[PDB]
Amino acid sequence: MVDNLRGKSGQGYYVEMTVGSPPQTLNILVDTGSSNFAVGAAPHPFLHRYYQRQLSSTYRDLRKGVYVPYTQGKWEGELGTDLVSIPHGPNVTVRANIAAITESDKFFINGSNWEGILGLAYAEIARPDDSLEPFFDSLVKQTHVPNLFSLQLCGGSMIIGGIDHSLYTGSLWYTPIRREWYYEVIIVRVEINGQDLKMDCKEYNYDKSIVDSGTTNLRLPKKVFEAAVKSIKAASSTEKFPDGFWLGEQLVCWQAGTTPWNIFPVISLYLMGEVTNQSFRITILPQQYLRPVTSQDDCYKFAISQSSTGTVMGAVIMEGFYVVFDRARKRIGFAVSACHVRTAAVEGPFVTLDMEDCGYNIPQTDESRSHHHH
Ligand SMILES: CCCc1scc(-c2cn[nH]c2)c1C[C@H](/N=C1\NC(C)(C)Cc2cc(Cl)ccc21)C1=NC(=O)CC=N1
Ligand code: NA
Ligand code: NA
Ligand SMILES: [Zn+2]
Ligand SMILES: [Zn+2]
Ligand SMILES: [Zn+2]
C-alpha cells in the first residue's frame with residue numbers, strides 16, 4: 001500500500017479503486033471531510049473515465065436519488081451498491097454504497113485526473129442521511145481489516161489498516177477525535193513566530209475544527225484569520241502586498257530563487273493531548289502556506305483563508321505530516337513526514353496546569369433534536 005496515492009494540494013490526492021465485475025479501475029479523491037463514496041457516472045468535459053453502471057454485472061440500483069449542495073457547486077446522482085476493492089490495499093472485496101454522479105456543477109475540475117470522491121468521515125454527515133453506510137464502515141464490518149488508515153501526502157500513501165513506520169520520523173503524537181462526524185479536533189493555542197495570539201481558545205474552534213484532506217487551504221474562523229493576517233503582515237512588513245494577495249486572489253513574486261522566506265513566520269497549532277492538561281504542537285512552514293503557481297519569477301498564492309464554519313486543517317497543512325486516522329481508538333496522530341529534500345515539526349508535550357475547555361458547543365437546532373438514532 002506504500003506509494004498508492006497520486007496528486008497535489010491544488011487539485012487533491014486520489015487512491016485507485018476497482019468497482020464492479022468486470023473491474024472498472026477509477027482514480028478517487030480521498031476526502032476526510034465528507035462521508036459519501038461518489039463517482040462520475042456520465043460523460044463530462046473534465047473526466048478521463050467514468051463509472052459505467054451498465055458494464056457492471058454486480059451493480060444494484062437502490063432506486064433513490066441524492067442531491068449534495070456545497071456553498072459553491074453541487075453533485076447529484078443515483079444511489080446503488082457494487083463490489084469494491086483496493087488494488088494497493090488489503091486483499092479483500094466489499095459491497096459498498098456508491099453514488100453514481102449523473103449531474104454536477106463546479107465539482108469536477110479541469111485536468112484533475114480523479115473521477116470520484118471517497119468520503120472517509122463518519123455516517124452522521126453522510127447524504128441523504130446517516131443510514132447510508134460510508135465506505136470505510138462497510139470495509140471494516142465486512143473484513144477483518146483494522147479500523148484505521150493513514151494519509152502521507154507528498155506522490156503519497158494511504159495505508160489502510162496499518163501504520164507504516166517507514167513513512168515518518170520522530171514521535172507520533174495523538175489528539176482525540178472530539179466527536180465522530182467530521183474528524184473533529186480541539187486547538188488549545190496558536191502561536192505565530194513564537195508569539196501567542198492570546199485569544200480565548202474556544203475562538204480557535206468556532207464553531208468546530210476539523211482535519212480535511214478535501215480542502216486545499218488552512219481555513220480559520222474570521223477573528224482568528226484577522227489576527228493571523230495582522231501578525232504575518234507585521235513580520236513581512238518590508239514587503240507591502242496588495243490586499244488581493246491576503247485574500248488569496250493574487251500572486252506575489254520575487255526573481256527566480258530570491259524569495260525572502262525568513263520574513264514569513266512559522267505557525268504553531270497546539271492540539272489537545274490524550275492526557276488531560278497536555279498538548280502538542282504542529283508547526284507549519286511558510287512553504288506550506290505560501291504556495292507556488294511571470295515564469296522567470298517565482299510567484300505564490302497565500303493558502304490561508306477565512307471561514308464561517310470553523311478551522312479547517314486542509315491539504316496544505318497535512319502535506320508536512322504523516323496523519324493517522326485511528327478510528328478504533330477515536331484519535332488522530334501526527335508525525336513528521338519522511339518525504340522531503342526550519343522543518344515541519346511535531347513537538348510535545350506542553351503542560352498547561354490551567355485546564356481550559358477550548359471546544360465550542362454548537363447550538364442545538366430543533367431539527368437536530370428531532371432525529372432518532374436507533
Ligand atoms: C486538496 C483537494 C482540494 C480540492 S479537489 C477539487 C477541488 C475543487 C475546487 N472546486 N471544485 C472542486 C478542491 C478545493 C476544495 N473544494 C472542494 N473539495 C471537494 C472535496 C472535492 C468537495 C467540493 C465540492 C464542490 Cl461542489 C466544490 C469544491 C469542493 C476547497 N478548498 C479550499 O481551500 C476551500 C474550499 N474548498
Ligand atoms: Na452494503
Ligand atoms: Na457529471
Ligand atoms: Zn484524459
Ligand atoms: Zn425512534
Ligand atoms: Zn442516526
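Every residue, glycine among them, receives a Cβ derived from its backbone with ideal geometry; neighbour counts consider all protein chains shown. Bear in mind these aren't lab numbers, they're just calculated from the coordinates by the rules spelled out.
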Can you give the alpha-carbon Rg of the stretch 146-374 over 2.2 N^0.38 Å, where N counts its residues?
1.05
What relative contact order, as a whole-number percentage, does the stretch 13-145 give when Cα pairs under 8 Å and 6 or more residues apart are counted?
33 percent
One-quarter of the Cα convex hull surface for the stretch 80-237, in nm²?
13.0 nm²
Within the stretch 216-256, trypsin sites (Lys or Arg not before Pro) in DSSP loop having at most 15 other beta-carbon neighbours inside 10 Å:
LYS240
How large is ³J(HN,Hα) for each residue in the stretch 179-189, as worked out from phi by the Karplus curve 6.51 cos²θ - 1.76 cosθ + 1.60 (θ = phi - 60°), to whole Hz, x for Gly and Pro?
7, 8, 9, 5, 8, 7, 9, 10, 9, 9, 6
So if I take the alpha carbon set of the stretch 13-145, get Rg, then get Rh from the Kirkwood formula, what is the Rg over Rh ratio?
0.92
Non-local residues with an amide H under 5 Å from the amide H of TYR183, with H modelled 1.01 Å from N and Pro and chain starts lacking one, are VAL211
Those chymotrypsin sites (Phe, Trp or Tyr not before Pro) in the stretch 1-83 that DSSP places in a loop and that have at most 16 other beta carbons within 10 Å:
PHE46
Using the structure shown, list the pairs from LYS208/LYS301; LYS233/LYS301; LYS8/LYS240; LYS74/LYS222 with a Cα-Cα distance above 18 Å, or answer none.
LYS208/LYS301; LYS8/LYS240; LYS74/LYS222
Scalar couplings 3J(HN,Hα) for the stretch 114-124 by Karplus 6.51 cos²θ - 1.76 cosθ + 1.60 (θ = phi - 60°), nearest whole Hz, x for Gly and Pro, are 10, 10, x, 10, 10, x, 9, 6, 9, 5, 3
